[PDB]
């Protein structure tokens, strides 16, 4: 893989519970991809052009904790399964890929970069199958072209018997 990545955790349970309730986050933000958490689910947000983008089925209609109190979505689209919040300052905003590549790389919550073959506007197959459980918590993660620009945001795993053979994603066009 020609894009590399690594994570850094910023909080644990107590902080997370507490920051959810109050909605106030004073942590320094950094990175292209935020790891997120509410009570009942884990997922990712991808910062593109100034906005942090993730799945509706994860964030629902909720605010995001931020430095001055909770941040309201500026984009909420139930059918495309997409929501957006103004990125807090610190987030490294990526750029929408337009080149048209067909070799894509999915960035997971554990900071693997894995190869995807684009098959349609919003589908790609895994060149190597993975367990669905290894993809859990990566919804919202970016699909990337080789130049590192974003084509889409990860949404669903298409699987049989616990193994993920393909992915459904929300094309950057939508964003």
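Numbering follows the first chain given and starts at 1.
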item	value
39 to 47 set against 54 to 62, stretch whose average Cα temperature factor tops the other in the entry	39 to 47
Between 30 to 38 and 112 to 120 (mean CA B-factor, as deposited), the higher	112 to 120
Record-listed C-alpha B factor of residue 146: chain third	highest
Assigned third (lowest, middle, highest) for the C-alpha B factor of residue 174	highest
For residue 160, the third of its chain into which the C-alpha B factor falls	highest
Residue 86 by Cα B-factor - lowest, middle or highest third of the modelled chain	lowest
Modelled-residue ranking by C-alpha temperature factor, third containing residue 138	lowest
